[PDB]
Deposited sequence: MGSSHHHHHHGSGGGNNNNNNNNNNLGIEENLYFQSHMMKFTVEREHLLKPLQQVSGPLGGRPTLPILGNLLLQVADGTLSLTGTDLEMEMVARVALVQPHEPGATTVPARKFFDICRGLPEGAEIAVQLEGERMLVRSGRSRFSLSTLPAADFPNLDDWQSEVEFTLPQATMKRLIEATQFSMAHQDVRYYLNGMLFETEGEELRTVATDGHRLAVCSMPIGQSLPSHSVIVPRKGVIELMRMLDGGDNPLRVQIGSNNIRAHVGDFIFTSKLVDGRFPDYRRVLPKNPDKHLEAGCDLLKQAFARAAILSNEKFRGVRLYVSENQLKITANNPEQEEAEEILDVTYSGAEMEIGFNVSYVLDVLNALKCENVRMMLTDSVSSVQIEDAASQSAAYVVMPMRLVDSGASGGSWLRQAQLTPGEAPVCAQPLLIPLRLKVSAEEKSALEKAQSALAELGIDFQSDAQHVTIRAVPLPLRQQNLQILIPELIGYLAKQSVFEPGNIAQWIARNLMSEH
């Protein structure tokens, strides 16, 4: 136990702030940082068992090799609380790590380095170098469309895919979809992985926007990113991520262009008087004009009229204004293009001046109105489940629930709005379970059960 080093506070700060990223404590040692002195390099490692961040620091002042682990937040808070220009002397003593700087002495408790978890090494299948700005672009373009604590864990992450000369990101939560692709100047093998949420955040955090390039390595179950003296490694998420190609409108035949800023501020004002639960707003598009309207159960109303570029047929179409605003914020461009097919068909939004990013939002139709799903929900069903569904189909249709039955599968294509704005992966199998218990199907009873159970 004789690791030792002395470093100027300035050189230690940024690496410490960085490796305290993977860091409510999960388990004791995961709140600690692994410190390794080897050669003339100090290595700092932070991990949460799903990912790890390693930071290297060159040591010019005297040092002895060794390794230990110390509380991350405490060690960092001490360094940060010392004056600018200060010197930080570290030294192991027994089961304690001593930190000195001037007449400030600190004794921290340690846990052995040999107990610090390692990631089992792996083999990269893909390797490429790209500018930091490019990676930051790809993530910021799609990050907001990631799911949050979905039961489908693969949606809580971000798809990274290499195709030809391009790196692509995809994110969706089942209600909306963000896709962005950028060239990276070299032919790559076809690969497709899901990076979990925390990893994407951490990946974004290690990028300073600098012109020094990012080195990426992708294996089957791990991804590794090297920038400057930082090395980020993360586990990948398994699961069948949906295919963005099927989500894009088949063929838009109507398109409008508008100033991003004006359209966004207009939607933002309208949203104030939209339903707080469903957040619907109406668009009426006509020649070179757009009329946005919103109202709520208190029958308050907002109306916005903008000049736009549009020469298609007039059309009325509703949206979740929160999803539209999310897209317009992420774009941050001059003009936006909205590609439309018809109400009841998915809408595609892009920067008017570039096709690198594309966004998909489902319209809101306005007995009960059947709202189309972003992605049709396909579910395996037993003979008994199937029979219950077929008996209840017409009763379900009256509630706005449309579906198709294959041999041993059902495909939900539409549901009423209150269900669509929730997780159908959870709700529909509950609905199926409930239906299998019945022999007589009426819309009233079903509606009442859904109303009291699926909400």
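Compare what was deposited with what's modelled and send me the C-alpha-less stretches, numbered from 1.
-> Missing CA coords at 1-36, 60-61, 405-425, 515-517.
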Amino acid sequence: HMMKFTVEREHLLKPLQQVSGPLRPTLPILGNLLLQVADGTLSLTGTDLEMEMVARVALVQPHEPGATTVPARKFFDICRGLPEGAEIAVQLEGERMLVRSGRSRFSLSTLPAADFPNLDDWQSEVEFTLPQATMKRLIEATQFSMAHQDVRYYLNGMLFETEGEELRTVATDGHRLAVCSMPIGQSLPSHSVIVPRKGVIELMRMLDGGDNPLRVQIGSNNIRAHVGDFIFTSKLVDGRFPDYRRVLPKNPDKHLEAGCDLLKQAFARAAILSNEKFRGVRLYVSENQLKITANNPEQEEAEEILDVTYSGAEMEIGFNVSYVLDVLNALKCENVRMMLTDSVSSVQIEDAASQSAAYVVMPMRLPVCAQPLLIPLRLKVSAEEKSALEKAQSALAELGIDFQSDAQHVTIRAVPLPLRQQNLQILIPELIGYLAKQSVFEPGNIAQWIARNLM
From here on, numbers count along this sequence of modelled residues.
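According to the deposited model, is the average Cα temperature factor higher in 178-186 or in 117-125?
-> Looking at the record's C-alpha B-factors, the answer is 117-125.
Could you settle it for me: does 309-317 or 167-175 have the higher average Cα B factor in the PDB entry?
-> It is 309-317.
Which of these has the highest Cα B-factor in the record: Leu108, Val285, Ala353, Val216?
-> In the PDB entry, the greatest C-alpha B-factor among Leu108, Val285, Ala353, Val216 is found at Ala353.
Identity of residue with top Cα B-factor, from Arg197, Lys74, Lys332, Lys136 | In the PDB entry, the greatest C-alpha B-factor among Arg197, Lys74, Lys332, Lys136 is found at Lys332.
Relative C-alpha B-factor of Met53, binned into the chain's lowest, middle or highest third | Its C-alpha B-factor, which the entry lists for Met53, ranks in the lowest third among residues of this chain.
Where the record places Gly259 (Cα B-factor, split into thirds across the chain) | CA B-factor rank for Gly259: lowest third.
Relative to the other modelled residues of the same chain, rank the CA B-factor of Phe144 and answer lowest, middle or highest third.
-> Answer is lowest: the recorded C-alpha B-factor places it there.
Ordered by C-alpha B-factor within the chain, which third holds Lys277? Give me lowest, middle or highest, please.
-> Highest third, going by the recorded CA B-factors of the chain.
Quick one: classify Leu35 as lowest, middle or highest third of the chain based on its Cα B-factor.
-> Middle third.
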